[PDB]
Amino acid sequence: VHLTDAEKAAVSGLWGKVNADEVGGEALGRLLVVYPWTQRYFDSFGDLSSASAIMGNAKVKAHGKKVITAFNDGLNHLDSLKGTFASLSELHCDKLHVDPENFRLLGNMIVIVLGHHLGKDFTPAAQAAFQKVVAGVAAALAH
């Protein structure tokens, strides 16, 4: 989970130009829409019967906030993802029973959303940086 300073910057800058909370809610929503089975862990959130519905679901956007917040924490500690997410890991593993492959999916959703918001600013080099970050976060969560 290393990052060239040049990259360390990109992630630091670009993550600033974006509205974190929107990213999380949109990333989660895309996850539920693109991979309908991930909905199984969210019967509570209510109506997830369709895309527009899912993307407009209050409980979905609200949870994205917490997911993006946690993601942000691991973003401030790209050197200790191990313990940073350790608590969550056992929660997603032993209590929620989420197959670790899914963490990787949400990470892809986050990457796609960032490209959706930052447009041309989310360049190849920039994506690589964030991918390494995303890859690291998912690794920690499953580990």
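Don't overthink the numbering: it's just position in the shown sequence, from 1.
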query	finding
Mean Cα B-factor comparison, 105-113 or 52-60, giving the higher one as deposited	52-60
Per the entry, higher mean C-alpha B factor between 72-80 and 28-36	72-80
Third of chain Cα B-factors occupied by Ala20	middle
Assigned third (lowest, middle, highest) for the C-alpha B factor of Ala86	highest
Third of the chain, ranked by Cα B-factor, where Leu14 sits	middle
For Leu118, the third of its chain into which the C-alpha B factor falls	lowest
